[PDB]
């Protein structure tokens, strides 16, 4: 609990810093800008995505293929920050669908598929486009 307590204080301070345009760390800044861009993307296109994520039809056996198929298609002709925010929000939708349908065990897996894809496929583009700091400055409030 010596580390749990420490983690709680940091999480809360990070949030209060952000609300006045400040940040706890460069990482904290990235998270917050990603959270806002995610919210904004979803508010704006909620209705355009209608039933679509249902239409995937997730099972523990097909979930990887579906994930893989979508993100490969999403980044087939390149990367931009909008596509990255789209990527995260999709991952968000899959995790929620998985919990809705009582497949909670898929959440941690989807998280692995997301990190791995970030490390292997998006990271080089991110670095040559200024790192995530370029994203914060652009998408942050």
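Residue numbers count along the first chain shown, from 1. We call the rigid core the largest set of C-alpha positions that still match within 1.5 Å between the two forms.
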Top-deviation stretch by C-alpha RMS in 4 other deposited structures of this protein (rigid core reference), from 94-102, 52-60, is 52-60
Returned stretch for higher CA RMS in 4 other deposited structures of this protein, core superposition, given 114-122 and 6-14, is 6-14
Mind pulling up the entry and telling me whether 29-37 or 50-58 has the higher mean Cα temperature factor? 50-58
Entry B factor averaged over C-alpha atoms, 130-138 against 1-9: higher for 1-9
Please say which third, lowest, middle or highest, residue 76 falls into when its CA temperature factor is compared across its chain. highest
Would you mind ranking residue 69 by its C-alpha B-factor against the rest of the chain and naming the third, lowest, middle or highest? middle
Thinking about Cα B factors across the chain, which third does residue 125 belong to? highest
